[PDB]
Structures are given as C-alpha cells and as structure tokens.
Ligand SMILES: *[C@@H]1O[C@H](CO)[C@@H](O[C@@H]2O[C@H](CO)[C@@H](O)[C@H](O)[C@H]2NC(C)=O)[C@H](O)[C@H]1NC(C)=O
Ligand SMILES: *[C@@H]1O[C@H](CO)[C@@H](O[C@@H]2O[C@H](CO)[C@@H](O)[C@H](O)[C@H]2NC(C)=O)[C@H](O)[C@H]1NC(C)=O
Ligand SMILES: *[C@@H]1O[C@H](CO)[C@@H](O[C@@H]2O[C@H](CO)[C@@H](O)[C@H](O)[C@H]2NC(C)=O)[C@H](O)[C@H]1NC(C)=O
Ligand SMILES: *[C@@H]1O[C@H](CO)[C@@H](O)[C@H](O)[C@H]1NC(C)=O
Ligand SMILES: *[C@@H]1O[C@H](CO)[C@@H](O)[C@H](O)[C@H]1NC(C)=O
C-alpha cells in the first residue's frame, strides 16, 4: 500500500513489500546505485522490507485544433493499462480524471496507455505522432488511433530481357525555402 | 479537464492541433505508519 | 508546360497558409526568448521584492546590499542563459545560410548533376526569389512520363561479329529491332554509324 | 536517445515547501522542458529525413536471377521474425536496475516514432528499387532494366566501354560476390567496427549517470536529503538550507541541458551528411572524389544500424 513510514526517523513514502535481500545479521538498511534507501529492517520484528515509490509518470494530451473540435485524448506515459487511475477518491494529484477512465475506448501501446481514442485496423498517413509507430487523427467527429503506413505497395515487373522506356515528359517546378538571417 | 490544463500550460485560450505535455501524475498516500523499538525504560535525565 | 507550372506556384503558395513555417519558426523563437527575458525581471530570487527602488527606499545600505546581491545573481544568470541559447541558434542559422549560398552557386549559376540537390528529377535550371530573412528557389526539372514495354538485348550478332550501341540501347517491338536513346523513345535503324 | 526530465521532481520531489521556494525562481523549468522537447522532436526529424527518401514500397521478384550477382547477404531474410538481412542482424548484435533508479529520480526515455521494423522495411524498399530499376526510381517512375545492362551503364559512367563488362561478366560477378562475403567476416571478426555508434550511447549514458550522481551533494547544506532537513529544523532556518540545495541542483540541470544541446547540434550535422550521402550515392552515381568510398563509384547499398546507418560502397579499382 502506498503509505508513509517512519523507521526510527527514516521518514519517507512508498510501498513496502517482501525482500529477498540476503541481509547480514548486523546490517540495518540497504541502498541502491543512486545511493538512496532501497530496503529497511523493521525495528520490532527484525524483518527486511523492500521500499518502492508509488506509481507515477508523465501525462500528455492529444487534441485537434480548438477551432475544429473540443474532444481530447489522454496518454499516460510508461504506465501499464491495469494500473491507470480508475478511482479518483483522493488517490491522485491530477483532478482531470477521465469521465469514465475505464470501459471506454482504452488502448495499450509501447509508449503507455492511451484513453479516449478508438483503435482501428486501417492505416493512413501520420497526423499526430504518438510513438512506437502509432499515430492519431480526428476522423468522421471522433478521435482514432492507428498504425502509420509507410507508403503505397509497388512491384516492378523485373525480367532479364525486358526494359521500359519513356515516351512523353513533364516539366515540373518546385519550391525550396531556407532561412538566411535572424 | 485536461483541455483546460493544456490551455494553462500554453498560456493561451486557443490550442493548435498536436500533442502536448501537461503535467505528471502520482498515487497519493493513504495512511501513515510509525515503527519504533519496543524498549520502554525512561532515560535518567533526573540524575544529570 | 513551363508557363502552366509557373502559374500554379502562386496559387499553391496562396492556398497553403503554412508554406513559410520554416521562416516563421525563427521569428517565433526569437520573440519567445525576448519575452522570457523580459518576464524574468519579476522574480524575487529570494529577496523581499523584485523592485530595486522600493528596496533602496525602505532599507539601510548594510542590509540593502545583502538584499540586492540576490537579484544581481539571478538576473546575471538569466542573461548568461539567454546569450548561450542565442549563440547556439546563430550557429545553426549560419549553417543554413552556408547551405543556401552553396545552393545558389550550384543551382542558379550552373546546371547540377547531384541527385536531389536542386529539386526532384533531372535538374534544368533554378530561379531565386527573396523572402523576409530567407530565400526561395524555384527548381525546374525534367520528369519522364508514359513509359512502355520492350524486349532488349545486350549486343547484336551479324557476320560473325558482335555489335554494341554507341550511345543508345537495342529494342524491338516484337519483330523488328532498333536502337534508341535511353531517356526518350526514338527508334532508328541499326547501321554501322550508331554501333 | 530522447530523454525527458521532470524538473520539479528532480529538484524537490515530494516536498511542497521546496516547490514553493522554487516558484519564486522564475520560469527556468519551462525553459528546460522546452529545450528537451525540441531536441526530442529533432531526433525524429533526423530519422525521417534520412530514411523516408521514397514514397513507394518496391519488392524483389521471387526468382533471384540477376546474371550471376548474388545479393543474398543484403536482402531480407524471410525465416527470421525480424525480417532482417544477415548483415543487418549481425550489426544489431554488435551494439549493446540503473534504468529503474533513473526513472525513480524523475528521468525518463521516450520511444522513437519509427520502430526498427519500419526502418528495415524502408531499407528493403530502397534495395529493391535500386536493384530492379537502377537510378530511374529516384527521379520519377521506376523503369525496369536487366541488371547486367545497368552495370554496363554504370561502367560507361566511369569511362569504360560496355564490351568490357559483357566480356568479363562472370569474373566481375565472382569478384562482387567474394567482396560481399568478406564484408561479413570483416564485421564479425573485429568487434571495434561500430565505435562511432558506441560512443554516442556511452556519452549519453555517462551524462545521465553524472546527473543522477549529483543528487548526493550537500552544496554547503547540513545534509543532502530533503526529508532529513525537513524532519529536523523549523521552517525559518530550514529555508536557508533548502535554498542552497536548490541552487546546486539547478546548476547541475542547466549544465546537463547545455551539453545536450551542443551534442544534438553535432548529431544533426551528422544526420544531414548521412541524408546527402543516401541521396547522392544510393539513388544515383556520384562523380565527387571519395564521397562514396575510395575508387571509381559504381553503386551503394544501405543497411540499417541501431541509431545509425551503414553504407556498402561498390567501387572500380584498376590493377596490373
Ligand atoms: C505528351 O503530353 C502532352 C501534354 O501533357 C500531350 O498533349 C496533350 O494532348 C491532348 C490530346 O490532343 C490535348 O487534349 C491536350 O490539350 C494536350 N496538352 C497540352 C499541354 O498541349 C501529348 O498528347 C502527350 N503525348 C505525346 C506528345 O506524344
Ligand atoms: C514494329 O516496327 C516495325 C518497323 O518496320 C513495323 O513495321 C512496319 O509497320 C508499318 C505498319 O504496318 C508498315 O507500314 C511498314 O511497312 C512496316 N515496316 C517494314 C519494314 O515492313 C511494325 O509494324 C511494328 N509493330 C509490330 C511488329 O507489331
Ligand atoms: C548466393 O545465393 C545462393 C542462393 O541463391 C546461396 O546459396 C546458399 O546460401 C546459404 C546462406 O547462408 C548457405 O548456407 C548455403 O551453403 C548456400 N548454398 C550452397 C550450395 O553453398 C549462396 O550462399 C549465395 N552466395 C554467398 C556468397 O552467400
Ligand atoms: C501489464 O501489461 C501487460 C501487457 O503489456 C500484461 O500482460 C500484464 O498482465 C500487466 N500487469 C498486470 C499486473 O496486470
Ligand atoms: C510491362 O509488362 C509487364 C508484364 O506483364 C507488366 O506487368 C507491366 O505493367 C507492363 N508495363 C507497362 C508500362 O505497360
């Protein structure tokens, strides 16, 4: 349980669990590579307990232009689909809790958990990049998430005695813009 | 709501199409516990 | 074709609003940096107030000094940060300007054979246009179209001797063989002058 | 690697008093976040510019008959689930709790927009295009041509007549196959080949490790632990300790961000060079001396590498 603790003045916050650390009999608490308290020994029962900070992460909001619509999609970065906040009962510091946060369209990606967008089996050009090959777009009156398509399929009719030669041509004009000064 | 948080982050009342990083979430603690040694003898400050 | 293509450019620029985003980004970044510098003057940095005049009008010099040095340090740090970002941005802008100068010299003052350097396709010529804090190039390129199907051979055997094309390629529609240039279909009879 | 740093968590963490004191220090955290986000976006821009050179996905015919040229070692391998060429996964194996601690200190790593499979697909499309159509697919519609005829064209490109190739086709194919075979052995035997790719990873990891290590410095305070300061002093004397801790941590963050900006600029220059090399050596034949290998350029083949790209330059060298 995500609770505070006080071990002889060792104040902190986190989740206490069982530890497999081979603590020596004279040892009190361990530490990590970052030189922070990782495990502790209970002063009363002499039991070694692991310390892990409560779950956390960044939050990103996916939205089209406000001139277009008002719906949004929320992506919880590097958070498993199960541990996403389901209840807002004084257990999260972000009051922007989703209208359901569950039962709704919920997609789990390699970039985190995406809530508020409907997965589809099609593939279009990338519109809003999400990460790990997943893009999002506003289609129709709704927000959808899909896998980006690299391009149209093609196959040249290769043979060892066949060639192709143009007969017409086109004159094309294109533009290029380069900053020169500030 | 998250859209208003985005507007607060951008310091504007209009938001262009895109993905924006607003803030971070964490699970708030439920209760607090205290673990202390089981000894009860009182220190001899009266003598000193 | 040239006139139609040059006519379409104005409509393409007028329709699309985000055409000059590359030029707009520099202006936006500089304006944002200046705005941040201006806004940073309203920070206490641990002092009683962010105003020097009221601090000097309310406290004695021996402690006004210890109130003021904090503001001095904070403001100096802000200036240092702003100058560093400006230096990095100027370096990248210089790189872009060097690229633009090279493109001018090699696409406008001559014809280039480097692929994709001057437009997409086979480069013909370029025209420069001036924009605020930037430049715009109009690359004219040759694009093949309407390809066909042919049977080809590496060499032609005649009189016990092998013959190779001088500057073309051997093709046939199915019964009769010809020699034609590679980038345009222009069949011709195979003689001893083109082989 | 794209990294994101939680400014408040790194400096303060869970202490509201530290956040309140940080509030009066200006909008430094927003500046740091904006710079880091710019770098992260530039990374994907670099990758897209280097690899998304073509808009179509060409495919190799099932019958691999190219007049003696082999191409087995660089074409995708259907058997492997990753669908990578033997050289590609050979390269992917050369390049190799701390992550948990970095995450717990407020430092995270964002995933790239393009997965490795997508990049391998792009390289396979480029290979198929350059094999079945020569340089035509890079300037318009892809026109097929037998591979020996394309080799004759490229021989004409460097000043040698076609009959030389048509009369030494077997020897040329054998030499090409042997060189391609020896490339794999050269990569496998020497583990120091991917030094340029290893150095970037080493530098980034070491900078992140230094940032993590800086969290255990007093900077003149009584302790380097926030809770110990808070759980031992009343506010008006705790403030003068919190302030110096904050100043030290802010200095560390600023230094890290500046170094990252400079490193990103250098990486962007390298990526621009790589994109130019792709366009001029893979999509065509280059006459610039030593731009694509040493010798007389004939053709090039790209291969994907972790956070990079590998070019195989085929050149013509006189002898005897
Ligand atoms: C090559 O392209 C040109 C233009 O793209 C073709 O000319 C067109 O021919 C049709 C049929 O008569 C006309 O209706 C169009 O008005 C023409 N366009 C122009 C711009 O003049 C031409 O037919 C193509 N094929 C060739 C020249 O063999
Ligand atoms: C392939 O090219 C040959 C070139 O000669 C074509 O033969 C000519 O066809 C026209 C139209 O029928 C005749 O008027 C000429 O007299 C033919 N030339 C000769 C030398 O006989 C032929 O039609 C083309 N197309 C095919 C063979 O399908
Ligand atoms: C040339 O291509 C052929 C197939 O078209 C390859 O033949 C086999 O390739 C596998 C791949 O490792 C080898 O394990 C087999 O031993 C090869 N067959 C024989 C009979 O040796 C061939 O390897 C390719 N050339 C090269 C140099 O790899
Ligand atoms: C976390 O997500 C994975 C899917 O990526 C799932 O298999 C696993 O069960 C989840 N964890 C828990 C505790 O449910
Ligand atoms: C050429 O012939 C092949 C073989 O059928 C075909 O696949 C291809 O589409 C043809 N190309 C054109 C331009 O007609």
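Residue numbers (the authors' numbering), protein chains in the order written: chain C, 537 to 676, 690 to 731; chain A, 294 to 341; chain L, 926 to 1120; chain P, 732 to 827, 848 to 1071.
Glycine included, C-beta positions come from ideal geometry on N, C-alpha and C.
- Shortest Cα-Cα distance from residue 1061(P) to any of 954(P), 935(P), 1067(P) involves 935(P).
- With 16 or more other CB atoms across the displayed protein chains lying within 10 angstroms of its CB, residue 712(C) is buried.
- For residue 624(C), the three-state secondary structure derived from DSSP is coil.
- The three-state reading of DSSP puts residue 649(C) in strand, counting E and B together.
- With respect to the 8 Å criterion, residue 980(P) and residue 752(P) are not classified as neighbours on the basis of their beta carbons.
- At a cut-off of 8 Å between beta-carbon atoms, residue 710(C) makes contact with chain L.
- Using a Cβ-Cβ cut-off of 7 Å, residue 1081(L) is close to nothing in chain C; its nearest Cβ partner there is about 14 Å away.
- Looking from the CA of residue 307(A), the closest CA among 603(C), 628(C), 724(C) belongs to 603(C).
- Distances taken from the Cβ of residue 1098(L) to the heavy atoms of ligand 2 include one shorter than 7 Å.
- Three or more Cβ pairs closer than 8 Å define a contact, and the region 973 to 987 of chain P falls short of that threshold against the region 868 to 877 of chain P.
- The beta carbons of residue 569(C) and residue 852(P) sit about 6 Å from each other, so the pair counts as a contact at 8 Å.
- In this structure, ligand 4 has a non-hydrogen atom nearer than 7 Å to the beta-carbon of residue 617(C).
- Scanning 926(L), 988(L), 1004(L), 931(L) for the CA closest to the CA of residue 961(L) turns up 1004(L).
- Chain-order list of chain A residues neighbouring residue 737(P): 317, by C-beta distance under 9 Å.
- Relative to ligand 5, the beta carbon of residue 947(P) is positioned no closer than 7 Å to any heavy atom.
- Shown in chain order are the members of the region 586 to 603 of chain C whose Cβ falls below 9 Å from a Cβ of chain P: 588, 589, 592, 593, 594.
- At a cut-off of 8 Å between C-beta atoms, residue 544(C) does not count as an interface residue with respect to chain P.
- Separation of the CB atoms of residue 1070(L) and residue 616(C) is rounded to 53 Å, and the pair is thereby denied contact status at 8 Å.
- In this structure, the alpha-carbon of residue 776(P) lies about 52 Å from that of residue 544(C).
- Boundaries of the alpha helix (DSSP H) around residue 850(P): 849 to 855.
- Close to chain P, meaning a Cβ-Cβ distance shorter than 8 Å, are the following residues of the region 954 to 976 of chain L: 961, 964, 965, 968, 969, 970, 971.
- Look at residue 593(C) here: in three-state DSSP terms it is strand.
- Here the distance from the Cβ of residue 799(P) to the nearest heavy atom of ligand 3 is not below 7 Å.
- Taking the Cβ atoms as the reference, residue 664(C) lies roughly 7 Å from residue 310(A), within the contact range of under 8 Å.
- Annotation for residue 905(P): the continuous alpha helix (DSSP H) segment containing it runs 898 to 908.
- Residue 1068(L) belongs to the set of residues whose beta carbon lies under 8 Å from a beta carbon in chain C.
- Relative to ligand 4, the nearest heavy atom lies less than 7 Å away from the CB of residue 644(C).
- Of the heavy atoms belonging to ligand 1, at least one sits nearer than 7 Å to the Cβ of residue 926(L).
- At least one heavy atom of ligand 5 falls within 7 Å of the beta-carbon of residue 1074(L).
- Three or more beta-carbon pairs separated by less than 8 Å are not found between the region 618 to 626 of chain C and the region 657 to 673 of chain C, which leaves the two stretches without contact.
- Close to chain A, meaning a Cβ-Cβ distance shorter than 8 Å, are the following residues of the region 618 to 639 of chain C: 621, 626, 627, 628, 629, 630, 632.
- By the neighbour-count definition (other C-beta atoms within 10 Å, threshold 16), residue 959(L) is an exposed residue.
- When secondary structure is reduced to three states using DSSP, residue 789(P) falls in the coil class, being assigned neither helix nor strand.
- As the crow flies, the alpha-carbon of residue 1018(P) is around 25 Å from that of residue 945(L).
- In this structure, residue 768(P) has its CB at a distance of at least 7 Å from all heavy atoms of ligand 1.
- In the displayed model, residue 1022(P) falls within a helix according to three-state DSSP.
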